[PDB]
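Accompanying notes for the structure given below.
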Amino acid sequence: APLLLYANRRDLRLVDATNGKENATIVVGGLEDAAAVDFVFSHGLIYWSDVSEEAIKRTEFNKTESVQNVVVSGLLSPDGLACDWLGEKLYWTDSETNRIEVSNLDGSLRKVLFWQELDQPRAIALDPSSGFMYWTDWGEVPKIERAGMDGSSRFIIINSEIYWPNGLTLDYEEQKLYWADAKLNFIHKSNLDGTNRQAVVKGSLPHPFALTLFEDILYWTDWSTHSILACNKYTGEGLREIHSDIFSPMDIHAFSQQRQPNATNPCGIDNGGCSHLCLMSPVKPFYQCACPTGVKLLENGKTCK
Amino acid sequence: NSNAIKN
Ligand SMILES: [Ca+2]
C-alpha cells in the first residue's frame, strides 16, 4: 500500500493507504478549488490546478517551508493535468477553451497541442518512455483518445459504451489502460490501443472521479461517497473503502517514485538539439522538437524561427 | 448528479 496524493478543493492531502482510518496529512492548504494534481518525485515537486484561480501551481515538498508558485495562469477550466517526469514537461486539459496544452516544468514555452474536436476533455495520463499521452472527453461525443506526447498521431481508442469517462490511469508493468465511467458506474481496462477491453468493476460505483494504481490495487475517488475506494486490478474483487469523510475528493495519484520509473531521456543532455521544447515522441528517435504556440519549426526540425 | 467541476 502506497501513500495516496489527492486534491480536495480547499487543500491537497496525503494519506497512507495501509492506514486510511487516520486523518490525511495536509501537504498544501489555503486553496480555493484545487482539482487536478500530479508530481515529479525526483524533482521534489507537486503540481495542482485550481479552477477558481484559473491556474496551475507547484510546491517543493522537500523544503521545510516552500511557497505556492504559480506556473501557468489564465486557464479557464484546467480540469486535468499530468507531469512528464522524463521529458520534464507539464500537460493539461482545459474544458472551457477546449484545448490540450504542454509547457516546461516552469510554465515557459507554452504550446497548444490540440484545439479541435474537444468538448469536455478531463483526465490525462502519460507514458513518457513510450511517448504517448491519453485523455478522456465526457462531452457530446464521449471518448478516450491517445496521441504522441508531441502532438502527433491522434486517434480515438474508445468510443463505445462510454458516457462520463472521468478517471484514467496506466499500468506500466502490464501495459494496460484503466478508466472509470461515472454515468455507467464501472471501471474497465484495455490494451494501450483500446483493444482487448474487459470489465474490472462491473457496476455499482456511484460517481467515480479520478483513478490511480499501485502494484495490484486500483484506487479511486468518488464524488458521491466522499471517499477513496480500492479493489484488485485483475478481478475487481476486494472492493473496499480506504479513506472516508473527505470534504471534496478530486484528482488522485499513488505518490511513489516507483510510479515514475527511471528511463533514459531520448533528448539527452542536448535537449535533443532542440532550440525550445524537446517533447517525447512515439517514433524513433523518440523525441521531437517543438515551438511555442504560433511559432514555426525550421527545415532542420530542431530550430524555431 | 452533475459531472461539472465548477457547478
Ligand atoms: Ca466546452
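Chain identifiers are assigned as A, B, and so on, following the order in which chains appear in the C-alpha cells; residues are numbered from 1 within each chain, and ligands are numbered from 1 in order of appearance.
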
Dump the neighbourhood of ligand 1 as a ChimeraX atom specification: all residues within 12 Å, distances computed on only C-alpha atoms and all ligand atoms. /A:76-79,93-99,115-122,137-141 /B:4

Please return, as a list in words, all residues of chain B lying within 9 Å of chain A when only C-alpha atoms are considered. residues 1, 3, 5 and 6 of chain B

Restricted to C-alpha atoms, what would the selected residues look like written as a PDB file, in the first residue's frame?
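File out.pdb, as written:
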ATOM      1  CA  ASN B   1     -25.559  14.087 -10.260  1.00  0.00           C
ATOM      2  CA  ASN B   3     -20.397  15.971 -13.631  1.00  0.00           C
ATOM      3  CA  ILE B   5     -16.092  20.501 -11.743  1.00  0.00           C
ATOM      4  CA  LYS B   6     -17.284  24.068 -11.131  1.00  0.00           C
TER       5      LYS B   6
END

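The space separating atom CA of residue A:65 from atom CA of residue A:1 comes to 27.6 Å.
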
So that each row is one residue of stretch 39-70 of chain A with an atom at most 10 Å from stretch 102-113 of chain A, can you give its shortest atom pair and the distance in Å to one decimal, using only C-alpha atoms, rows by chain and rising number, as a tab-separated table?
residue	atom	partner	partner_atom	distance
A:40	CA	A:105	CA	9.3
A:45	CA	A:105	CA	9.5
A:47	CA	A:105	CA	9.4
A:56	CA	A:107	CA	8.9
A:57	CA	A:107	CA	9.4
A:58	CA	A:106	CA	8.9
A:69	CA	A:106	CA	9.3
A:70	CA	A:107	CA	8.6

So which residues touch residue A:59 within 9 Å, counting only C-alpha atoms, skipping near sequence neighbours fewer than 6 positions away, as a PyMOL selection string? chain A and resi 28+44-48+66-69

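Atom CA of residue A:126 is found 20.5 Å from atom CA of residue A:75.
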
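Atom to atom, atom CA of residue A:16 and atom CA of residue A:262 stand 23.4 Å apart.
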
Taking 3 positions as the minimum chain separation for residues in the same chain, which residues sit within 7 Å of residue A:135 when counting only C-alpha atoms? Answer as a list in words. residues 122, 123, 124, 125, 144, 145 and 146 of chain A

Write out, as a compact mmCIF listing (two decimals), in the first residue's frame, the residues just selected, with N, CA, C and O atoms.
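Output file selection07.txt follows:
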# COMPACT_ATOMS: atom_id res chain seq x y z
N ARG A 122 -10.98 15.92 -19.93
CA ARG A 122 -10.88 15.84 -18.48
C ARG A 122 -9.55 15.21 -18.07
O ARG A 122 -8.56 15.92 -17.93
N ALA A 123 -9.54 13.90 -17.92
CA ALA A 123 -8.36 13.21 -17.41
C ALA A 123 -7.27 13.07 -18.47
O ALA A 123 -7.56 12.91 -19.66
N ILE A 124 -6.02 13.13 -18.03
CA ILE A 124 -4.89 12.96 -18.93
C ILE A 124 -3.80 12.11 -18.26
O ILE A 124 -3.42 12.36 -17.11
N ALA A 125 -3.32 11.10 -18.97
CA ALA A 125 -2.28 10.21 -18.45
C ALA A 125 -1.14 10.08 -19.45
O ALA A 125 -1.38 10.07 -20.66
N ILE A 144 -12.23 8.15 -25.37
CA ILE A 144 -10.86 8.15 -24.87
C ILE A 144 -9.96 8.20 -26.10
O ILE A 144 -10.20 7.49 -27.08
N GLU A 145 -8.94 9.05 -26.06
CA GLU A 145 -8.05 9.21 -27.20
C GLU A 145 -6.61 9.01 -26.77
O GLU A 145 -6.30 9.07 -25.58
N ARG A 146 -5.73 8.77 -27.73
CA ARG A 146 -4.31 8.84 -27.45
C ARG A 146 -3.59 9.49 -28.61
O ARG A 146 -4.10 9.55 -29.73

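The neighbours of residue A:83 here are the residues that come within 8 Å of it, using only C-alpha atoms and leaving out any residue fewer than 2 positions away in the same chain; they are residues 38, 39, 40, 47, 81, 85, 88, 89, 90, 91 and 126 of chain A.
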
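Residue-level DSSP output for stretch 86-124 of chain A, from the backbone, shows strand (DSSP E or B) at residues 89, 90, 91, 92, 93, 94, 99, 100, 101, 102, 103, 104, 111, 112, 113, 114, 121, 122, 123 and 124 of chain A.
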
Expected file: the selected residues, N, CA and C atoms, as a CSV table (one decimal), in the first residue's frame:
chain,number,residue,atom,x,y,z
A,89,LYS,N,8.0,18.1,-18.6
A,89,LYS,CA,7.0,18.9,-19.3
A,89,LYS,C,5.7,18.8,-18.4
A,90,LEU,N,4.9,19.8,-18.6
A,90,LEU,CA,3.6,19.8,-17.9
A,90,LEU,C,2.5,19.8,-19.0
A,91,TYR,N,1.5,18.8,-18.9
A,91,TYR,CA,0.4,18.7,-19.8
A,91,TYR,C,-0.8,19.0,-19.1
A,92,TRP,N,-1.8,19.7,-19.8
A,92,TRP,CA,-3.1,19.9,-19.1
A,92,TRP,C,-4.2,20.0,-20.1
A,93,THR,N,-5.4,19.8,-19.6
A,93,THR,CA,-6.6,20.0,-20.4
A,93,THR,C,-7.4,21.2,-19.9
A,94,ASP,N,-8.1,21.9,-20.8
A,94,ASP,CA,-9.0,22.9,-20.4
A,94,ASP,C,-10.3,22.7,-21.1
A,99,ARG,N,-9.0,22.7,-25.1
A,99,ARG,CA,-7.6,22.6,-25.6
A,99,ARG,C,-6.9,21.6,-24.7
A,100,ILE,N,-5.8,21.0,-25.3
A,100,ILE,CA,-4.8,20.3,-24.6
A,100,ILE,C,-3.5,21.0,-24.9
A,101,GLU,N,-2.7,21.3,-23.8
A,101,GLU,CA,-1.5,22.1,-23.9
A,101,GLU,C,-0.3,21.5,-23.2
A,102,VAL,N,0.9,21.9,-23.6
A,102,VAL,CA,2.1,21.5,-22.9
A,102,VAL,C,3.0,22.7,-22.6
A,103,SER,N,3.8,22.6,-21.5
A,103,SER,CA,4.8,23.6,-21.3
A,103,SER,C,6.0,22.9,-20.5
A,104,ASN,N,7.0,23.7,-20.3
A,104,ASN,CA,8.1,23.2,-19.4
A,104,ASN,C,7.6,23.2,-18.0
A,111,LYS,N,2.8,25.6,-25.5
A,111,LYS,CA,2.4,25.2,-26.8
A,111,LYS,C,1.1,24.5,-26.8
A,112,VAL,N,0.1,25.0,-27.6
A,112,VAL,CA,-1.2,24.3,-27.7
A,112,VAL,C,-1.0,23.1,-28.7
A,113,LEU,N,-1.3,21.9,-28.2
A,113,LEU,CA,-1.2,20.7,-29.0
A,113,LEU,C,-2.4,20.3,-29.7
A,114,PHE,N,-3.6,20.4,-29.1
A,114,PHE,CA,-4.8,20.1,-29.7
A,114,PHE,C,-5.9,21.1,-29.3
A,121,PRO,N,-12.9,17.7,-22.4
A,121,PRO,CA,-11.7,17.0,-22.0
A,121,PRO,C,-11.5,17.0,-20.5
A,122,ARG,N,-11.0,15.9,-19.9
A,122,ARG,CA,-10.9,15.8,-18.5
A,122,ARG,C,-9.6,15.2,-18.1
A,123,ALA,N,-9.5,13.9,-17.9
A,123,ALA,CA,-8.4,13.2,-17.4
A,123,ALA,C,-7.3,13.1,-18.5
A,124,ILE,N,-6.0,13.1,-18.0
A,124,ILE,CA,-4.9,13.0,-18.9
A,124,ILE,C,-3.8,12.1,-18.3

Tell me which protein, DNA and RNA residues are within 10 Å of residue A:18, counting only C-alpha atoms, leaving out same-chain ones fewer than 2 positions away, and put them as a ChimeraX atom specification. /A:1-4,15-16,20-22,242-243
